[PDB]
Each structure stands twice: as structure tokens, then as C-alpha cells.
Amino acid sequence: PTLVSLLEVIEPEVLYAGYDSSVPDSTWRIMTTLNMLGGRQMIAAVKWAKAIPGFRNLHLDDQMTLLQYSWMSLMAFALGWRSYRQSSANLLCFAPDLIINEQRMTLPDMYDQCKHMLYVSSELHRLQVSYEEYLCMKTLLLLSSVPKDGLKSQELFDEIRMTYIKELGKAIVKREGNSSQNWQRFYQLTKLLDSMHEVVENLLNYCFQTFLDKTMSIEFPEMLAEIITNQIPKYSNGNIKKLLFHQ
């Protein structure tokens, strides 16, 4: 069995939001429902990461560290893919019972956050990204940041990261293009991977603010609350080494 097929088989199931369509829409209602759903997406992300070949061999501390950094990169990219497979859109397919449409985008403060998510699905569409390439890219996003001093199992991590970089390369060759275009596609796809760092930084600005401002009454589940509580001090003390393909 191929390494890419092993990443395919562990693709998490589609979760429903539990959004009652009969009651009218509001930004607060939608944002609250999405945070609660986000916690359930992140609980499934732990199960997902554990089944990625090589991940369970890293020190337990490194496993926690990687999921804590990458949480938003994983969710924005997976949503971007899900929304791109239901395109031409212009829509964010958060769950089958909760799709952010053009009318939902008009709601106060909705667009300002949605636009960073819409950039991801627009890029996968523009570059006509395949399933195999996507699977390789999502695993590479779990391994896109490390602490300032590095990981406990850094050597093993660098070995695992190189392995999945090579896996991405195999999915590019399959598109049957000449080596000049093969270099072009890799440059293009790894540029989107690098640009995820900015998408996340933009999404986390409004997310950290809604979490810290208790007067906004915007609830986060225990799983999301725990990640944000851990991440805020690390971004504050500069304890993050964002890995870049292009300099």
C-alpha cells in the first residue's frame, strides 16, 4: 500500500453542525455554532494525526506541539478543499446543514473572517489541485511550524517532513506534464503552503479577540479554548519557527 493511499483512508468523516434552519440567521449564532463544530473537528484531527505514518513515533510533547500550532491551518485547508469540491463557489461548506452563502456573507462582520477561508478554496480552484496533492499538502501543514528551540525528536521530524515533501512530488508527476511544468507546479503548490501561514495569522487575529473579550459572549468549546490558551503566550513570546519552502 502506497503512503498517499494510507493518508486517503484516514480522511475524517463529514460532521453536521446541528444548525436549525427554521430559526433566522445572525452572525453571533453562526459564529457560536461554528466554534462548537470546530471543537468536534479538532477532536477528530487528533484521531487523524495519530494514524499518519510516523507521527506516533515522535515524542508525545512534539505530537501535542504540532497539533497546537497547525490546528487552524488544518481546518482552513480541509474546509477550502470541501468548499472547492462543491464549487463554482463563492460558498464555505462548513457542514452540509450550514453553508455560508452570498446572503450569509452580508451579515455584520461575517465577510471579514470568511474572506481568508474563501482565499484557500479560490487557490485550490485556480491551481486545479488533485485529491492526492491535497492529502500530501494537508499532512505537510501539520508539519509546517516548530518551536523556536526545535522539537525533542527534531531529526526524526525532519526525516518525516522530507518523506511527505517527496510524496507531494509523486502526486505532481501523475498529472503527466514535462519536467519544466513539474518544477512549476511544485513551486506553485509549495507557495500556497507558505501562504497558509498568512491565512492563519489573519484568521487568528479575530479568533483571539473573540475568545479574550468575554463581553462579546462568544463561546468556544473546551478543545478550542485549550488550544487558544496554549497558543496566545507562544505568539506573544515569539516561540514559533514557521517553516518556509520559498525565501
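The first residue of the shown sequence is 1; numbering continues from there.
- Note on 99-107 vs 125-133: mean CA B-factor is higher in 99-107.
- Relative to one another, 154-162 and 71-79 have unequal mean CA B-factors, and 154-162 is the one with the higher figure.
- Out of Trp48, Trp183, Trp28, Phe220, the entry records its largest CA B-factor for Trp183.
- Ranked within its chain, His116 lands in the middle third, by CA B factor from the PDB record.
- Residue-level temperature factors show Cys93 in the middle third of its chain, judged at the C-alpha atom.
- Among the modelled residues of its chain, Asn205 has a C-alpha B-factor that falls in the middle third according to the deposited record.
- Ranked by C-alpha B-factor against the other modelled residues of its chain, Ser236 falls in the middle third.
- In this PDB entry, the Cα temperature factor of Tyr187 sits in the top third of its chain's modelled residues, the highest group.
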